[PDB]
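Notes follow once the structure below has been shown.
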Amino acid sequence: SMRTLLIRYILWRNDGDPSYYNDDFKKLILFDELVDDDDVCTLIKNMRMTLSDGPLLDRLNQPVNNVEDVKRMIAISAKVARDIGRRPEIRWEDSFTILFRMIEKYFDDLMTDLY
Amino acid sequence: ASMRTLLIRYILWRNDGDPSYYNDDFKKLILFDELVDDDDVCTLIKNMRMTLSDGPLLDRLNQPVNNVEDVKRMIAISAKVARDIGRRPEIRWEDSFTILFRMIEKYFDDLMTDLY
């Protein structure tokens, strides 16, 4: 389940808790190269995020046409999740709804690329 | 501590049973399983009219959520339902967690008091 893997991965990028580290995350961390750290606060402002939002990727109005675009969206989710801080108000369910709507069609292409 | 992150991690682990995703943070949550009989679970699943692409749809159960003890039952139902529906990729966890957190978030403070 790419749903299960990606939820676990983003939540771990958010809290950085080493007791929730998993080897399954290693190939996902490599996608970080697709996003510059210095653009993160720009991506956050473009998604008009409040303190109670996770990544709201649909608000970037960037197309998802292929597996490379999925990797970028995962990378944006990871770095945003990283920089917004370990905060209880974050409505992760809304963030994952948006993410999976945008990328689920390419789950097949993603699993081929990972494995 | 985010009850959202703990509970997502906990239910996903009750769904796949993957021992590399076990965490000690789950021990106190496992004890809530006593609030739900294994024999009732298939009945709760049928009542929620769940398809293969549904996680727990707790709002369909017509059960009351008025205190922290009721939250513990809802978490326990989530766990045993997540357990019995199988490790299937089509499960729309985001919809399931939306319903769960809508139902229980107001009691997060009472929950964290009971856990700690």
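Identifiers for the structure tokens are assigned positionally: chains receive A, B, ... in sequence, residues are indexed from 1 per chain, and ligands are indexed from 1 in the order shown.
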
Using only C-alpha atoms and a distance of at most 12 Å, pull out the residues of chain A that contact chain B, as a PDB file with C-alpha atoms, in the first residue's frame.
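So result.pdb came out as:
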ATOM      1  CA  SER A   1       0.000   0.000   0.000  1.00  0.00           C
ATOM      2  CA  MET A   2       1.539   3.236  -1.244  1.00  0.00           C
ATOM      3  CA  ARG A   3      -1.181   4.922   0.925  1.00  0.00           C
ATOM      4  CA  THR A   4       0.235   3.337   4.121  1.00  0.00           C
ATOM      5  CA  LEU A   5       3.918   3.902   3.135  1.00  0.00           C
ATOM      6  CA  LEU A   6       3.472   7.595   2.181  1.00  0.00           C
ATOM      7  CA  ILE A   7       1.379   8.455   5.303  1.00  0.00           C
ATOM      8  CA  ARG A   8       4.033   6.840   7.560  1.00  0.00           C
ATOM      9  CA  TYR A   9       6.880   8.568   5.638  1.00  0.00           C
ATOM     10  CA  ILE A  10       5.378  12.109   5.753  1.00  0.00           C
ATOM     11  CA  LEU A  11       4.479  11.777   9.488  1.00  0.00           C
ATOM     12  CA  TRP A  12       8.108  10.702  10.221  1.00  0.00           C
ATOM     13  CA  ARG A  13       9.494  13.655   8.147  1.00  0.00           C
ATOM     14  CA  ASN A  14       7.188  15.809  10.351  1.00  0.00           C
ATOM     15  CA  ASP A  15       8.257  14.489  13.823  1.00  0.00           C
ATOM     16  CA  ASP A  17      11.277  10.554  15.787  1.00  0.00           C
ATOM     17  CA  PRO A  18      14.039   7.932  15.266  1.00  0.00           C
ATOM     18  CA  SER A  19      11.847   5.239  16.977  1.00  0.00           C
ATOM     19  CA  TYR A  20       9.488   5.620  13.906  1.00  0.00           C
ATOM     20  CA  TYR A  21      12.322   5.400  11.332  1.00  0.00           C
ATOM     21  CA  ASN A  22      11.897   2.574   8.777  1.00  0.00           C
ATOM     22  CA  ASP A  23      14.182   1.261   5.954  1.00  0.00           C
ATOM     23  CA  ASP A  24      11.081   1.530   3.659  1.00  0.00           C
ATOM     24  CA  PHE A  25      11.693   5.359   3.764  1.00  0.00           C
ATOM     25  CA  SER A  52      -3.806  23.685  11.079  1.00  0.00           C
ATOM     26  CA  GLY A  85       7.097  21.626  12.942  1.00  0.00           C
ATOM     27  CA  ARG A  86       5.768  18.875  15.269  1.00  0.00           C
ATOM     28  CA  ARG A  87       2.358  20.521  15.996  1.00  0.00           C
ATOM     29  CA  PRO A  88      -0.857  18.758  17.125  1.00  0.00           C
ATOM     30  CA  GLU A  89      -3.231  21.191  15.269  1.00  0.00           C
ATOM     31  CA  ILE A  90      -2.027  19.854  11.841  1.00  0.00           C
ATOM     32  CA  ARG A  91      -5.053  18.228  10.049  1.00  0.00           C
ATOM     33  CA  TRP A  92      -3.049  15.448   8.321  1.00  0.00           C
ATOM     34  CA  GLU A  93      -6.268  13.761   6.999  1.00  0.00           C
ATOM     35  CA  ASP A  94      -6.989  16.826   4.712  1.00  0.00           C
ATOM     36  CA  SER A  95      -3.369  16.872   3.414  1.00  0.00           C
ATOM     37  CA  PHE A  96      -3.394  13.092   2.582  1.00  0.00           C
ATOM     38  CA  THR A  97      -6.861  13.385   0.925  1.00  0.00           C
ATOM     39  CA  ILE A  98      -5.384  16.008  -1.486  1.00  0.00           C
ATOM     40  CA  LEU A  99      -2.101  14.057  -2.028  1.00  0.00           C
ATOM     41  CA  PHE A 100      -3.714  10.682  -2.842  1.00  0.00           C
ATOM     42  CA  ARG A 101      -6.387  12.272  -5.124  1.00  0.00           C
ATOM     43  CA  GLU A 104      -3.098   7.489  -6.802  1.00  0.00           C
ATOM     44  CA  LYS A 105      -3.486   6.904 -10.624  1.00  0.00           C
ATOM     45  CA  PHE A 107       0.732   4.255  -7.797  1.00  0.00           C
ATOM     46  CA  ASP A 108       1.479   1.410 -10.315  1.00  0.00           C
ATOM     47  CA  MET A 111       5.838   0.897  -7.308  1.00  0.00           C
TER      48      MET A 111
END

I want to know what sits within 12 Å of range 59-64 of chain B, based on only C-alpha atoms, with residues of the same chain fewer than 6 positions away left out; could you give that as a ChimeraX atom specification?
/B:41,43-50,70-71,73-74,77-78,95-104

Find the residues near residue 58 in chain A: any atom within 10 Å, counting only C-alpha atoms, skip ones fewer than 2 places away on the same chain, and give them as a PyMOL selection string.
chain A and resi 47+55-56+60-64+73+95+98-99+101-102

Dump of N, CA and C atoms for the selected residues, as an mmCIF file, in the first residue's frame:
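File written: selection-v3.cif
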data_model
loop_
_atom_site.group_PDB
_atom_site.id
_atom_site.type_symbol
_atom_site.label_atom_id
_atom_site.label_comp_id
_atom_site.auth_asym_id
_atom_site.auth_seq_id
_atom_site.Cartn_x
_atom_site.Cartn_y
_atom_site.Cartn_z
ATOM 1 N N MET A 47 0.504 27.769 -1.151
ATOM 2 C CA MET A 47 -0.570 26.831 -0.709
ATOM 3 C C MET A 47 -1.423 27.506 0.363
ATOM 4 N N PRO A 55 0.644 19.951 3.973
ATOM 5 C CA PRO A 55 0.769 20.268 2.551
ATOM 6 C C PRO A 55 -0.589 20.262 1.826
ATOM 7 N N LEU A 56 -0.949 21.360 1.151
ATOM 8 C CA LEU A 56 -2.178 21.448 0.328
ATOM 9 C C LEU A 56 -1.763 21.618 -1.132
ATOM 10 N N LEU A 60 -1.028 24.592 -5.603
ATOM 11 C CA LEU A 60 0.162 24.998 -6.402
ATOM 12 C C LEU A 60 -0.214 25.124 -7.885
ATOM 13 N N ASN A 61 -1.337 24.521 -8.288
ATOM 14 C CA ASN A 61 -1.830 24.480 -9.691
ATOM 15 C C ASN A 61 -0.704 23.956 -10.579
ATOM 16 N N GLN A 62 0.038 22.964 -10.084
ATOM 17 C CA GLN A 62 1.063 22.271 -10.891
ATOM 18 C C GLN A 62 0.450 20.949 -11.325
ATOM 19 N N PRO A 63 0.731 20.541 -12.580
ATOM 20 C CA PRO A 63 0.123 19.352 -13.154
ATOM 21 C C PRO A 63 0.875 18.129 -12.624
ATOM 22 N N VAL A 64 0.159 17.015 -12.556
ATOM 23 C CA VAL A 64 0.744 15.683 -12.276
ATOM 24 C C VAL A 64 0.443 14.806 -13.493
ATOM 25 N N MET A 73 5.956 15.921 -5.764
ATOM 26 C CA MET A 73 4.850 16.184 -4.806
ATOM 27 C C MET A 73 5.166 15.508 -3.470
ATOM 28 N N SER A 95 -4.615 16.918 4.218
ATOM 29 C CA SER A 95 -3.369 16.872 3.414
ATOM 30 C C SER A 95 -3.303 15.565 2.619
ATOM 31 N N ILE A 98 -5.854 15.240 -0.297
ATOM 32 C CA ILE A 98 -5.384 16.008 -1.486
ATOM 33 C C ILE A 98 -4.291 15.214 -2.192
ATOM 34 N N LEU A 99 -3.295 14.714 -1.445
ATOM 35 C CA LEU A 99 -2.101 14.057 -2.028
ATOM 36 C C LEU A 99 -2.549 12.843 -2.821
ATOM 37 N N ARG A 101 -5.549 11.876 -3.965
ATOM 38 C CA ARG A 101 -6.387 12.272 -5.124
ATOM 39 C C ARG A 101 -5.451 12.599 -6.300
ATOM 40 N N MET A 102 -4.372 13.340 -6.039
ATOM 41 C CA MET A 102 -3.462 13.857 -7.087
ATOM 42 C C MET A 102 -2.580 12.746 -7.648
#

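CA of residue 51 in chain A is positioned 26.1 Å from CA of residue 69 in chain A.
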
Which is closest to residue 26 in chain B among B:54, B:66, B:86, B:79, if we use only C-alpha atoms?
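When distances to residue 26 in chain B are compared using only C-alpha atoms, the smallest one comes from B:79.
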
Check the DSSP output for the backbone and give back, as a PDB file with N, CA, C and O atoms, in the first residue's frame, the residues of range 21-83 of chain A in alpha helix (DSSP H).
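Done, and the output landed in part-v9.pdb:
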ATOM      1  N   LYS A  26      13.942   4.910   2.799  1.00  0.00           N
ATOM      2  CA  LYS A  26      15.254   5.310   2.223  1.00  0.00           C
ATOM      3  C   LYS A  26      15.072   5.785   0.779  1.00  0.00           C
ATOM      4  O   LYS A  26      15.612   6.847   0.431  1.00  0.00           O
ATOM      5  N   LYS A  27      14.348   5.037  -0.039  1.00  0.00           N
ATOM      6  CA  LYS A  27      14.174   5.385  -1.472  1.00  0.00           C
ATOM      7  C   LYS A  27      13.314   6.647  -1.596  1.00  0.00           C
ATOM      8  O   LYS A  27      13.508   7.353  -2.596  1.00  0.00           O
ATOM      9  N   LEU A  28      12.445   6.950  -0.619  1.00  0.00           N
ATOM     10  CA  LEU A  28      11.576   8.161  -0.632  1.00  0.00           C
ATOM     11  C   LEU A  28      12.396   9.421  -0.316  1.00  0.00           C
ATOM     12  O   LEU A  28      12.120  10.488  -0.900  1.00  0.00           O
ATOM     13  N   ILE A  29      13.355   9.309   0.598  1.00  0.00           N
ATOM     14  CA  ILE A  29      14.256  10.419   1.026  1.00  0.00           C
ATOM     15  C   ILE A  29      15.024  10.931  -0.210  1.00  0.00           C
ATOM     16  O   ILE A  29      15.253  12.132  -0.306  1.00  0.00           O
ATOM     17  N   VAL A  40      10.974  26.255   0.073  1.00  0.00           N
ATOM     18  CA  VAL A  40       9.922  25.604   0.902  1.00  0.00           C
ATOM     19  C   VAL A  40       8.964  26.678   1.415  1.00  0.00           C
ATOM     20  O   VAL A  40       7.741  26.502   1.193  1.00  0.00           O
ATOM     21  N   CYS A  41       9.474  27.740   2.050  1.00  0.00           N
ATOM     22  CA  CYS A  41       8.620  28.806   2.620  1.00  0.00           C
ATOM     23  C   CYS A  41       7.815  29.440   1.467  1.00  0.00           C
ATOM     24  O   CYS A  41       6.665  29.812   1.696  1.00  0.00           O
ATOM     25  N   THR A  42       8.319  29.426   0.233  1.00  0.00           N
ATOM     26  CA  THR A  42       7.602  29.933  -0.978  1.00  0.00           C
ATOM     27  C   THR A  42       6.434  28.984  -1.309  1.00  0.00           C
ATOM     28  O   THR A  42       5.315  29.476  -1.511  1.00  0.00           O
ATOM     29  N   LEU A  43       6.679  27.672  -1.358  1.00  0.00           N
ATOM     30  CA  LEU A  43       5.637  26.641  -1.604  1.00  0.00           C
ATOM     31  C   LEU A  43       4.563  26.739  -0.523  1.00  0.00           C
ATOM     32  O   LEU A  43       3.374  26.650  -0.895  1.00  0.00           O
ATOM     33  N   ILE A  44       4.957  26.961   0.741  1.00  0.00           N
ATOM     34  CA  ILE A  44       4.008  27.071   1.884  1.00  0.00           C
ATOM     35  C   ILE A  44       3.087  28.274   1.642  1.00  0.00           C
ATOM     36  O   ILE A  44       1.860  28.084   1.772  1.00  0.00           O
ATOM     37  N   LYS A  45       3.644  29.437   1.272  1.00  0.00           N
ATOM     38  CA  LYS A  45       2.866  30.682   1.039  1.00  0.00           C
ATOM     39  C   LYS A  45       1.940  30.474  -0.167  1.00  0.00           C
ATOM     40  O   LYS A  45       0.784  30.834  -0.052  1.00  0.00           O
ATOM     41  N   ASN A  46       2.409  29.861  -1.251  1.00  0.00           N
ATOM     42  CA  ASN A  46       1.599  29.549  -2.466  1.00  0.00           C
ATOM     43  C   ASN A  46       0.380  28.655  -2.148  1.00  0.00           C
ATOM     44  O   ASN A  46      -0.652  28.753  -2.872  1.00  0.00           O
ATOM     45  N   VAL A  67       5.365   9.996 -13.315  1.00  0.00           N
ATOM     46  CA  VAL A  67       5.948   9.489 -12.041  1.00  0.00           C
ATOM     47  C   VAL A  67       6.886  10.549 -11.445  1.00  0.00           C
ATOM     48  O   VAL A  67       6.941  10.649 -10.205  1.00  0.00           O
ATOM     49  N   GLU A  68       7.613  11.291 -12.287  1.00  0.00           N
ATOM     50  CA  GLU A  68       8.577  12.334 -11.836  1.00  0.00           C
ATOM     51  C   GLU A  68       7.826  13.425 -11.062  1.00  0.00           C
ATOM     52  O   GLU A  68       8.418  13.944 -10.086  1.00  0.00           O
ATOM     53  N   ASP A  69       6.603  13.769 -11.490  1.00  0.00           N
ATOM     54  CA  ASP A  69       5.753  14.818 -10.861  1.00  0.00           C
ATOM     55  C   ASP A  69       5.305  14.317  -9.480  1.00  0.00           C
ATOM     56  O   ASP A  69       5.270  15.120  -8.501  1.00  0.00           O
ATOM     57  N   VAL A  70       4.965  13.030  -9.399  1.00  0.00           N
ATOM     58  CA  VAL A  70       4.565  12.371  -8.119  1.00  0.00           C
ATOM     59  C   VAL A  70       5.737  12.511  -7.139  1.00  0.00           C
ATOM     60  O   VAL A  70       5.528  13.052  -6.012  1.00  0.00           O
ATOM     61  N   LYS A  71       6.938  12.140  -7.584  1.00  0.00           N
ATOM     62  CA  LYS A  71       8.153  12.212  -6.740  1.00  0.00           C
ATOM     63  C   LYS A  71       8.308  13.634  -6.208  1.00  0.00           C
ATOM     64  O   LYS A  71       8.541  13.762  -4.994  1.00  0.00           O
ATOM     65  N   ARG A  72       8.116  14.657  -7.050  1.00  0.00           N
ATOM     66  CA  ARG A  72       8.241  16.082  -6.632  1.00  0.00           C
ATOM     67  C   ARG A  72       7.201  16.347  -5.550  1.00  0.00           C
ATOM     68  O   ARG A  72       7.569  16.911  -4.514  1.00  0.00           O
ATOM     69  N   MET A  73       5.956  15.921  -5.764  1.00  0.00           N
ATOM     70  CA  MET A  73       4.850  16.184  -4.806  1.00  0.00           C
ATOM     71  C   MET A  73       5.166  15.508  -3.470  1.00  0.00           C
ATOM     72  O   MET A  73       4.916  16.119  -2.409  1.00  0.00           O
ATOM     73  N   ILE A  74       5.694  14.288  -3.509  1.00  0.00           N
ATOM     74  CA  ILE A  74       6.078  13.571  -2.264  1.00  0.00           C
ATOM     75  C   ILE A  74       7.173  14.394  -1.585  1.00  0.00           C
ATOM     76  O   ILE A  74       7.026  14.701  -0.373  1.00  0.00           O
ATOM     77  N   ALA A  75       8.197  14.797  -2.348  1.00  0.00           N
ATOM     78  CA  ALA A  75       9.328  15.627  -1.850  1.00  0.00           C
ATOM     79  C   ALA A  75       8.829  16.934  -1.234  1.00  0.00           C
ATOM     80  O   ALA A  75       9.325  17.295  -0.134  1.00  0.00           O
ATOM     81  N   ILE A  76       7.877  17.617  -1.893  1.00  0.00           N
ATOM     82  CA  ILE A  76       7.284  18.868  -1.349  1.00  0.00           C
ATOM     83  C   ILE A  76       6.608  18.523  -0.022  1.00  0.00           C
ATOM     84  O   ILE A  76       6.822  19.249   0.967  1.00  0.00           O
ATOM     85  N   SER A  77       5.809  17.463   0.001  1.00  0.00           N
ATOM     86  CA  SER A  77       5.090  17.010   1.222  1.00  0.00           C
ATOM     87  C   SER A  77       6.106  16.760   2.339  1.00  0.00           C
ATOM     88  O   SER A  77       5.905  17.243   3.453  1.00  0.00           O
ATOM     89  N   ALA A  78       7.188  16.048   2.039  1.00  0.00           N
ATOM     90  CA  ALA A  78       8.223  15.700   3.049  1.00  0.00           C
ATOM     91  C   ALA A  78       8.869  16.969   3.597  1.00  0.00           C
ATOM     92  O   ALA A  78       8.921  17.119   4.840  1.00  0.00           O
ATOM     93  N   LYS A  79       9.339  17.874   2.738  1.00  0.00           N
ATOM     94  CA  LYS A  79      10.108  19.062   3.214  1.00  0.00           C
ATOM     95  C   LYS A  79       9.149  20.006   3.915  1.00  0.00           C
ATOM     96  O   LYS A  79       9.505  20.535   5.003  1.00  0.00           O
ATOM     97  N   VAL A  80       7.932  20.161   3.388  1.00  0.00           N
ATOM     98  CA  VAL A  80       6.934  21.024   4.069  1.00  0.00           C
ATOM     99  C   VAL A  80       6.652  20.414   5.434  1.00  0.00           C
ATOM    100  O   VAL A  80       6.707  21.162   6.436  1.00  0.00           O
ATOM    101  N   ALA A  81       6.398  19.098   5.475  1.00  0.00           N
ATOM    102  CA  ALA A  81       6.083  18.387   6.728  1.00  0.00           C
ATOM    103  C   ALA A  81       7.267  18.601   7.694  1.00  0.00           C
ATOM    104  O   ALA A  81       7.056  18.930   8.887  1.00  0.00           O
ATOM    105  N   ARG A  82       8.478  18.495   7.165  1.00  0.00           N
ATOM    106  CA  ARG A  82       9.708  18.779   7.950  1.00  0.00           C
ATOM    107  C   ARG A  82       9.630  20.188   8.537  1.00  0.00           C
ATOM    108  O   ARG A  82       9.804  20.337   9.758  1.00  0.00           O
ATOM    109  N   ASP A  83       9.401  21.212   7.721  1.00  0.00           N
ATOM    110  CA  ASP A  83       9.677  22.603   8.187  1.00  0.00           C
ATOM    111  C   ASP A  83       8.517  23.146   9.010  1.00  0.00           C
ATOM    112  O   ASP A  83       8.810  24.057   9.777  1.00  0.00           O
TER     113      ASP A  83
END

So how far away is CA of residue 56 in chain B from CA of residue 85 in chain B, in Å?
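Value for the CA of residue 85 in chain B-CA of residue 56 in chain B distance: 9.0 Å.
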
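Straight-line separation from CA of residue 37 in chain B to CA of residue 18 in chain B: 22.8 Å.
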